[PDB]
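Here is the structure we will look at, set down as structure tokens.
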Amino acid sequence: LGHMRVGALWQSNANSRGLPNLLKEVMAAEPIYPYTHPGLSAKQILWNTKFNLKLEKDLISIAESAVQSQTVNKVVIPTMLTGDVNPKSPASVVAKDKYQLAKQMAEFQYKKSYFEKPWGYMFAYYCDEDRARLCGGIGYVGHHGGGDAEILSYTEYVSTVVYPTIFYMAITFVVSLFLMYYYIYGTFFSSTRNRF
Amino acid sequence: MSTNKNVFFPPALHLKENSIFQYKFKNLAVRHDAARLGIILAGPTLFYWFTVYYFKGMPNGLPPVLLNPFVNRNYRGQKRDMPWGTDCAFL
Amino acid sequence: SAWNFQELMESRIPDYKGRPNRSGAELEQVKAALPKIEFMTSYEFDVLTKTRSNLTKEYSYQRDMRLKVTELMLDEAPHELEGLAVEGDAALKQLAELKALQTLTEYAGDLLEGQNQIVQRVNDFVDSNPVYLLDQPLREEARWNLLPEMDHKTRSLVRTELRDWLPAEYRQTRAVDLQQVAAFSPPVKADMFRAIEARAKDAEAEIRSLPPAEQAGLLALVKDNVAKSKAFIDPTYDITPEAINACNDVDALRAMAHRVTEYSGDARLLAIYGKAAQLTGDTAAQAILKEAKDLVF
Amino acid sequence: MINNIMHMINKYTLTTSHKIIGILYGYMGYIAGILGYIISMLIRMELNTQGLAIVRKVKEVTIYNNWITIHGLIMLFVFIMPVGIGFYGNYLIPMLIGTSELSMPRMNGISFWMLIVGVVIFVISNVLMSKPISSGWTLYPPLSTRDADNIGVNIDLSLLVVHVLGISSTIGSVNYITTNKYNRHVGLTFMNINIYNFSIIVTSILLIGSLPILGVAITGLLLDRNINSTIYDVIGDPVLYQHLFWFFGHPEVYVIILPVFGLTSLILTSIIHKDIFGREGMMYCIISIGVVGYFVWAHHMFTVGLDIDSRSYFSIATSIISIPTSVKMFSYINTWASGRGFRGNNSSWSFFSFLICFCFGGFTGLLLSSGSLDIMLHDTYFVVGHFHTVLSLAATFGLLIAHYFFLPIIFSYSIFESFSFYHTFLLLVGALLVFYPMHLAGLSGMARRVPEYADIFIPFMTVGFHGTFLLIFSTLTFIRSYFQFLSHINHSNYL
Amino acid sequence: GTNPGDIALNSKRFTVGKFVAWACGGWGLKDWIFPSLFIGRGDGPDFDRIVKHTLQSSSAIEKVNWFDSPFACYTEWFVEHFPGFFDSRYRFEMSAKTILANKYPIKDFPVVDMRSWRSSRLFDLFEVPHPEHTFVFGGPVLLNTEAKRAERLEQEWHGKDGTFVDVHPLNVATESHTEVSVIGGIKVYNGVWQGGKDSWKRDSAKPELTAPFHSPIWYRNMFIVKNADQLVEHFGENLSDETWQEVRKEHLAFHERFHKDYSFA
Amino acid sequence: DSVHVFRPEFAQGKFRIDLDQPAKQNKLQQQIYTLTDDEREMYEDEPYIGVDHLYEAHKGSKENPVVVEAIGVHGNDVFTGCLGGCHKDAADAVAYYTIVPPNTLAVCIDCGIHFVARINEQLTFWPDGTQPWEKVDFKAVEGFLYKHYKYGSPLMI
Amino acid sequence: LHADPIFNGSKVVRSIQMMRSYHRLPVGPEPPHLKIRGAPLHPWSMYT
Amino acid sequence: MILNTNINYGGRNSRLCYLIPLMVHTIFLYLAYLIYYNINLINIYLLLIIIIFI
Ligand code: HEA
Ligand code: HEA
Ligand SMILES: CCCCCCCCCCCCCCCCCC(=O)OC[C@H](COP(=O)(O)OCCN)OC(=O)CCCCCCCCCCCCCCCCC
Ligand SMILES: [Cu+2]
Ligand SMILES: [Zn+2]
């Protein structure tokens, strides 16, 4: 029977490969708490965790008891079209007045400094890593494409490539017809020469 | 829950007709199929036998066909060994 | 008729008709029967139904599982973080302890994900076989229709019954929002603050019963935790009527009005806007505020 | 190891998995291609040298006639269809529409093993037995029934081989249509399935409609030979046989060609990193070619004695069929434009060779469509040039594109591009030297199916000699490349 | 992508393997007599190029956690075939760290592997050799099944009225909601429990058990899927287009000293 | 007056699975059709409904992604796909396919759309006539689910 | 301290070994395909 | 319980994948023998019994 597996727990087979843990791939052998919990030792982290856990338990109990024993004076029922499962989202994602524009601008600047540029650099590294993986004679890397490839839009390509090509082809067609007819028969319009 | 219930103990349905058979012959398609069958049974079949009754004591005067002339009795000297082994028709 | 190329169900094309046609009599009867209705601006519904504290919208049982796993992991921390030995100074020992703690939490984190996956699989089973988990007459409506296509009443009854089929600890109900309940009720906010202060005081005593360096470190941590907890429950606990009265800046009152509108939009808006109008002499604004305090609040 | 041996034999005989049946079809197709190539080399060596240098006797030219007939049959019915339709058809069709198996899983295995039965009967009949069938690949009576060199039973065995191959093809065709019509995954309409599936569907429709007629013709031949009837005798209608056979004959040709179009389109989408230019246009052109191929069958009988009106009609219909193929060629040329096809890929260069050779072969065959001009070109070497610069340079190169594109995917080892470049280029140059001269030897009057020719035709056969040597080199390179494909290193040191 | 196996038994002048190769394919007299032209440099790791690429690197080689990751066993292949490897890897790791050190409560990390490439033909998505049994549990599911259908055209094709498609009765009832809450004395009805499509948010993330409740930290690995032929990327809210163009220019300006002295021939 | 009883369908297995919950299995197997060129022309000139797309987050935002539920084995990668052209720079000649981990948030960066695949397994009672004819409780189901989650259950092939 | 395997577990690595889309063309910020006389060939070129 | 697969017919291995081809081979070689030696190799009724049985 060979090596029979026991239990149907997860194995990284061809169909299932799982969700990569980039945090462990990057932070290999380096602790995460220097970045997530700056300036704290393990004992302080544990003490803080226990304190916050008890506080959160108390707050949750109070909130549940509050919601469970409150009289109802108003009933709110949102308006939805029949055949709709949930109401539309009342919220919006567009700044309306100038103050919201300033707030959105500040948030975007922070996010660009801390979230978007890291994403861009990680994606660039990923592209280059894939190129290196498909190199060395395994894949078709370097056969075509690159930074020197000339990329044209649809309009530009049709106008500056396709039409002149067809124009030259038409010129070639007429010229070849005339020159071939003269080449064989020897006359442009009188069929065979010296025969008619 | 599963439809197996009605597989095991299907409902029993009351009919006004004396039998299910008649109930199925109030549908136009079955009536027209029965009409086609009756037409075929009535006209041709009864007629055909009538003819063998009407011409029971009369001969067949059709002129026989001409298959093989005498001068072609050898069939042009063509091999005719059938796969059975002898130059005779399977019949 | 000699061939049959059917399917399980013909595709169902919805008929639209339109909005109901009610004459004067029917419209009059409908209007008479309906209660007193206060039509709410979409902003009111938004601030009511925002996602504030329950960021990931986790169900109650998921939160309970996470807290229990945290308790268990805390219980087992001393064993793992005991007897660690590594060549190096205090910093190397500290980083070794941090790494051991990270390994423990990752070990405990993977168990929580496994249990969540198991409960979610049980629920996936619940919705996978509704015909076998419902009584008449809802069983036929579950058999012949999908969720979107059901009648509203039958849809709601079917979903509630399916959820009730599960044990108590597998039912999927969104967890409570602490910030939400605090925002929409004064007494609960005061109770939460009192509880925060009581826990902080108890922890401060416990700290006072410890050797010196730990005392300073954990006191700093307690102060930071109290400040951030107060911010978490209600970011606008410093916008008090006294603060509004002491404020004499149009820009500051505008910022306070923004922050109150974001949070709850309660009568502090009336106070701030009244004071801003007084400093600016806006009779139309004062009239609108009078209307608001008569009707809105 | 008895259990292991029997398990392997059960794996490759009881199977119904489309992937396994596909690889089996591919293997049989490649083997039969090599056998046909060997016989072709024999034929060429007979032609190149003067004085019946191989058979040595006029009485024994029946050996050469047997060679040409088995070359034709092997290369048509066991090389292209098993590879073009059997191999990629089974391996890819279920995958490209997102489903597990073909409909009728058992009929797939039945099809493959019917093919193997036919190959076995053919190989035994035409090798181990004496005085084999020697009547050209178009088994024209009364030569194939009332002759002196065709009397043995093995001739009847070859006819039955044709029967079994027909049965296998019909089963495969029905299976492909059925699987493509009902098992498509949700959200995929019939005309959104990729190009290859559609071409396979139309090919299957072609095979279904014509094979029964070929079966009738072959049963007629068998009855004439055995029970001594007179369907195709001096008092029969050999022209009737020709009509039936060629009613099957041209649909077979388009069945051969269309799947190559589908495969080339798919591979192009995969290697130029761009969609097909006018995909709907190509699909409609494919179905048009399929439909129009059923009305042109008698352009292969312009000298039989057909009525003058029928001659004109069939020239017209052949031109009609010529149109949509031109549309497809233009679509290909525009597809390659603006794309980023790999500049150093044997697939790319084989596509170029396929395009050029198919255009040239289509033109040469469009000359032959005219009834009048077919007076001077029927049964000369112009027809041989035509259908070898189409079959052996457009169908073969399309299959080379597929071979060099799907080897890494199936086996998971990349391809030795320099080796493949040598193979493909020498195959191109050698083949052109063999067949191109044939064209100008047909306009000069050289008849076909002759082992001995007049002295006026020496230059063409010298160029053919050159081409045959280059072909031997290319095929050895190809086989050795494949052997090297599945073999680990043989040298390794320290630098 | 080749493991030589045992160098000892393949370096001999005469071997069973070499004779078999000669007989069937892969070896011949041209290899014995002329090894400079037919074996030549051969295929293997290049120590000289590895040393050059290592010495061209900046201090990013010291500060990178690469050597302890599970990919440390691929170090030489990437160092040789990825010019400027360590600088790019250091930027990637610092990007991950700065994402981790944000103020947001959910940290999204991009993930790109062999599965991150879309294709118009299904056989391109399987690992080679293909599994024996494919699509056992049905074929692909299209995202478009969760978009609203073309109601107007659907009504038109059937000849139905299709006049009031865009106007529907309003539904304001307490029997149409199952998710009832109480919020400060106000009983709010909102939403219906649909099923596993309402729990996507929590299952996508994993908590940090030591993070306090008043500052949660959740880790999320966002998968990235790209066509690989589009040439234009649109990340959505993750990365704005202007930022992406800026990153393009910066990457190609800094990673130009590891690419300038080589020719593509 | 007569009593007639229609002959029931005795088949079990996949037939009974498909007749027990026809809506779900139909949803699995029922085809839906894309638009022809005429309909594309008549659709691209259709008007929006109200001023809502200007403010609300679209279907496919990082907060409101497109959720697609497939069937299979828990943990197996999910096959999904776009029909092309979601963004004006994304090709739309033919459908484009994807293979994505089961329950993660993925982003089509050709179109910038956030989606969430998810596999829900089809665990059903053995179709041999011993199916529950009335509401069943969690006990026996608990046992079967435990056995499956620990060791797995056969496939209905 | 090692838990039951799960697909999103802490110990799951990126799939860079097993090839899936063999015939793709990597795309992104890439250097110009410069050509020089005598310089060593670039790793990412069709020539070796 | 049982994990349910797609709606297609999964496919089973069977001996009909080669028995039918062997039956065709048998019929055709039997006909060849009858053509050559004019006598059946085995009884026609036995052959039909085999064909029916398969
Ligand atoms: C697909 C069909 C096919 C193929 C591939 C070929 C291949 C070749 N054929 Fe022929 N041929 C016919 C179909 C084909 N032929 C037919 C139908 C006839 C008429 C029979 C008759 O007239 O009755 C005929 C007749 C015919 C004659 C007739 C002689 C005479 O009538 O006077 C000659 C002689 O020159 C000839 C030569 C060749 C040569 C030299 C090759 C090749 O050597 C050149 C190309 C070689 C290749 C290398 C292909 C070999 C394939 C493999 C290498 C498999 C490898 C795998 C793949 C690449 C997929 N062929
Ligand atoms: C293998 C595939 C294949 C293909 C695709 C074709 C395609 C065509 N074939 Fe032929 N043919 C054979 C295989 C094929 N053939 C074989 C094997 C034989 C011999 C059987 C034997 O006798 O043993 C044969 C024999 C044969 C004959 C026999 C001549 C004779 O025996 O008397 C004729 C003559 O009518 C003919 C015609 C054509 C025509 C008109 C096309 C057309 O389809 C070609 C169309 C192609 C194009 C037209 C190219 C596109 C052109 C352009 C890009 C634009 C130009 C267009 C215009 C100006 C209109 N073929
Ligand atoms: C189970 C299904 C069928 C299986 C078939 C298997 C065999 C395949 C071979 C196909 C064709 C075989 C042809 C050989 C039969 C020759 C028949 C023959 O000799 O015909 C003559 C006979 C009429 O004789 P006649 O001269 O008119 O009589 C004078 C007074 N009545 O006329 C006849 O007897 C005509 C008989 C019909 C025509 C043949 C068509 C096929 C039907 C099968 C018949 C039996 C086949 C016997 C083959 C033996 C080997 C298996
Ligand atoms: Cu033809
Ligand atoms: Zn997309």
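So you can find residues: chains in the structure tokens are A, B, ... in the order shown, residues in each start at 1, and ligands are numbered from 1 in order.
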Given a cut-off of 6 Å, what residues near ligand 1 show up using only C-alpha atoms and all ligand atoms, put as an mmCIF file with C-alpha atoms, in the first residue's frame?
```cif
data_model
loop_
_atom_site.group_PDB
_atom_site.id
_atom_site.type_symbol
_atom_site.label_atom_id
_atom_site.label_comp_id
_atom_site.auth_asym_id
_atom_site.auth_seq_id
_atom_site.Cartn_x
_atom_site.Cartn_y
_atom_site.Cartn_z
ATOM 1 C CA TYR D 30 3.578 9.998 -35.896
ATOM 2 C CA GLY D 33 3.893 9.356 -40.788
ATOM 3 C CA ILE D 34 7.380 7.904 -40.465
ATOM 4 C CA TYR D 37 8.024 8.778 -45.257
ATOM 5 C CA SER D 40 8.194 7.884 -50.072
ATOM 6 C CA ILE D 43 9.581 5.888 -54.446
ATOM 7 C CA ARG D 44 11.995 8.787 -54.829
ATOM 8 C CA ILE D 68 2.608 4.638 -54.455
ATOM 9 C CA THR D 69 -0.793 3.317 -53.403
ATOM 10 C CA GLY D 72 -0.986 7.652 -50.464
ATOM 11 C CA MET D 75 -0.178 9.379 -45.439
ATOM 12 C CA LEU D 76 -3.804 10.421 -45.912
ATOM 13 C CA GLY D 136 -3.120 3.850 -56.866
ATOM 14 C CA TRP D 137 -4.705 5.399 -53.788
ATOM 15 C CA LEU D 391 -0.517 18.529 -48.012
ATOM 16 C CA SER D 392 3.206 18.236 -47.360
ATOM 17 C CA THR D 396 2.667 19.330 -42.383
ATOM 18 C CA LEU D 399 1.208 20.276 -37.505
ATOM 19 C CA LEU D 400 4.814 21.335 -36.913
ATOM 20 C CA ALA D 431 10.674 19.785 -49.905
ATOM 21 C CA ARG D 448 2.216 10.599 -63.163
ATOM 22 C CA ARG D 449 2.459 7.133 -61.621
ATOM 23 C CA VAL D 450 5.326 6.239 -63.964
ATOM 24 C CA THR D 475 13.829 13.702 -41.065
#
```
How would you report the residues lying within 10 Å of ligand 5, as a ChimeraX atom specification, if you count only C-alpha atoms and all ligand atoms? /E:118,142-144,225-227 /F:81-87,90-92,95-98,107-115
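Among the candidate residues G:11, G:2, G:37, G:20, the one lying nearest to chain A is G:11, with distances computed using only C-alpha atoms.
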Hey, which of D:239, D:327, D:287, D:222 ends up closest to ligand 3? Count only C-alpha atoms and all ligand atoms.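 Nearest to ligand 3: D:222.
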CA of residue 257 in chain D to CA of residue 25 in chain D, distance in Å rounded to a single decimal: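 Answer for the CA of residue 257 in chain D to CA of residue 25 in chain D separation: 17.8 Å.
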Surrounding residues as a list in words, ligand 3, max 6 Å, only C-alpha atoms and all ligand atoms: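 Listing the residues within 6 Å of ligand 3 gives residues 89, 90 and 91 of chain B.
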Would you list the contacts of residue 412 in chain D as an mmCIF file with N, CA, C and O atoms, in the first residue's frame, taking every protein, DNA or RNA residue within 7 Å and counting only C-alpha atoms, but skipping same-chain residues closer than 4 positions in sequence?
```
data_model
loop_
_atom_site.group_PDB
_atom_site.id
_atom_site.type_symbol
_atom_site.label_atom_id
_atom_site.label_comp_id
_atom_site.auth_asym_id
_atom_site.auth_seq_id
_atom_site.Cartn_x
_atom_site.Cartn_y
_atom_site.Cartn_z
ATOM 1 N N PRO D 408 6.263 21.478 -24.947
ATOM 2 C CA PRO D 408 6.538 21.926 -23.577
ATOM 3 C C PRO D 408 5.347 21.793 -22.652
ATOM 4 O O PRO D 408 5.507 21.398 -21.494
ATOM 5 N N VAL E 128 1.961 21.807 -15.667
ATOM 6 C CA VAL E 128 2.379 20.834 -16.673
ATOM 7 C C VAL E 128 3.246 19.782 -15.990
ATOM 8 O O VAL E 128 4.145 20.149 -15.222
ATOM 9 N N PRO E 129 3.014 18.483 -16.227
ATOM 10 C CA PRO E 129 1.990 17.880 -17.085
ATOM 11 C C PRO E 129 0.596 18.054 -16.518
ATOM 12 O O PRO E 129 0.408 18.126 -15.314
#
```
Could you report the residues within 8 Å of ligand 2, using only C-alpha atoms and all ligand atoms, as an MDAnalysis selection string? chainID D and resid 137:138 249:250 253:254 256:257 299:303 315 318:319 321:330 358:371 374:375 377:379 383:384 386:388 390:391 395
Neighbours of chain E in chain D at 9 Å, counting only C-alpha atoms, as a count of residues only: 43
Please extract the residues of range 130-226 of chain C with a backbone DSSP assignment of alpha helix (DSSP H) and present them as number ranges by chain. C: 138-144, 152-165, 178-183, 186-208, 212-226
